[PDB]
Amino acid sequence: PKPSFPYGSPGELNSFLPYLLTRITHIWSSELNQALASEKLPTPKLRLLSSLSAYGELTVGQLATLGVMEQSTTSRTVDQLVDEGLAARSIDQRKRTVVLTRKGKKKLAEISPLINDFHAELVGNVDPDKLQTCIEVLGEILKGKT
């Protein structure tokens, strides 16, 4: 009779994906905001460059999506990176899209070494080929939920 919500031991919760996702995400996001605090290229500014670096030219609605951010906040953090010279505006079709500038690449490239090193500690000593299974699963899950 598999365990169903609500779970009845500490060990059952330990196998409930939605609980695991959050303890680990609070953990990644916690250790990184305070190691980023140094460069003070905040998670806000980090997330958005990361997404444009990956998808190329994005709308602000799209940035708030990939970047897991509110639409207004995105746009604020976007006018920053523009005025700080890290991204610029453009327009293909016609609504208001954002792009990465050469200034923005380099900024990324600089923090990059830190992000990776955190990834490696995160993953720690997990089996590689099981960490491939896990990230294909999670990638399948994010496809079916949007």
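Numbering starts at 1 and follows the sequence shown.
Deposited sequence between residue 91 and residue 92: 1 to 3 residues lack coordinates. Once the C-alpha B-factors are averaged per stretch, 95 to 103 and 79 to 87 rank with 95 to 103 first. Relative to one another, 44 to 52 and 110 to 118 have unequal mean CA B-factors, and 110 to 118 is the one with the higher figure.
Ranked within its chain, residue 62 lands in the lowest third, by CA B factor from the PDB record.
In this PDB entry, the Cα temperature factor of residue 3 sits in the top third of its chain's modelled residues, the highest group. Placement of the Cα temperature factor of residue 22 within the chain: lowest third of the modelled residues, per the deposited record. Per the deposited record, the Cα B-factor of residue 15 falls in the middle third when ranked against the other modelled residues of its chain.
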